[PDB]
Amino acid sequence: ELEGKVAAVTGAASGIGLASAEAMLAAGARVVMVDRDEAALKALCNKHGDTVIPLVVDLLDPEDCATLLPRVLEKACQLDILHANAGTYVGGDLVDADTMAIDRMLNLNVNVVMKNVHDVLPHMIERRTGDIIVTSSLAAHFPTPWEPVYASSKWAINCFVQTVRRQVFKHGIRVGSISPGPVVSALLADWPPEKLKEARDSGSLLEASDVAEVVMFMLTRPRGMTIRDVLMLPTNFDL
C-alpha cells in the first residue's frame, strides 16, 4: 500500500501522468493532479472521490511554477512523492519547425522539471523521506535523428536525474526516471512521418497503464534500494 502518503503528478490530466495518478490512488494515496486543463480535471475530481485533489497550474509561467509547491502543502500536505510527467513533443526536421513551440517545449521538458524538483526538495530534506520520479524517454538513451529537439531534452533529463540524486541521497531521498518507448498518447499526432509507420506495429505499441505498474515497482521498493532508470519499449519497435 501507499499508506497515507501524498503524491503530486504534473500533466496528470492525461496520458502517462493520468495513468500514474490513477495507479497511486489504487495503492492508497491522496494524489494532486496538476495540469492546465481544468475542464479535463473537473470530470476526474468527482468520479474520483475525495482522494483526487486538482491544482490548475499553467507551469509555463515562472509565477505559476512557484505556486506549485506551497499549494500542494496547502491543499493536502504530507508530500512524499513528486512525479514530473509534464512534457510535450516536437519532431521532424529542425527547419520547418517554429521557434515558439521549441522554447515552450524545452522550458516544459527541462526548465519546468528542474524548477519543480528544486522547489519541492527543501520539504523532503527537513522531513527526511522523499521520492521523486521523472518521466524520461527511450530518446534519453538514443540520438533519434527525427526528433532533435525532443531527444536532446531527454538527454538533459538523463544527466539531471542521476547527478541530482548524488547530492540528496544523504537525506533519505530516492530519485529516478522512466524511459519508455512510444506510447499511445495524443502526442502521437505530433510525430513526423519518419517512422510512425514503425509505430504501426501490430505489437500494439506501449499502453500507458503498463508503465504505471513500473512506477509502482519503483516506488514500492525497499527504501535501502533506489531504481534510477527503467528502459522499456514496445517489443516490436525498432530502436
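In case it trips you up, residue 1 is the first one in the sequence shown, and so on.
153-161 versus 98-106 - which carries the larger mean C-alpha B factor in the record: Looking at the record's C-alpha B-factors, the answer is 98-106.
Which of 52-60 and 169-177 has higher mean CA B factor, as the PDB entry lists it: Per the deposited B-factors, the answer is 52-60.
Among modelled residues of the same chain, the CA temperature factor third for residue 119: Its C-alpha B-factor, which the entry lists for residue 119, ranks in the middle third among residues of this chain.
Residue 211 - Cα temperature factor, lowest/middle/highest third of chain: Residue 211: CA B-factor falls in the middle third of its chain.
Residue 65 CA temperature factor, ranked by third within the chain: Tercile = highest for this residue's CA B-factor.
Position of residue 84 among the chain's modelled residues by C-alpha B-factor, lowest, middle or highest third: Residue 84: CA B-factor falls in the middle third of its chain.
B-factor third for the C-alpha atom of residue 129 within its chain: Middle third by C-alpha B-factor.
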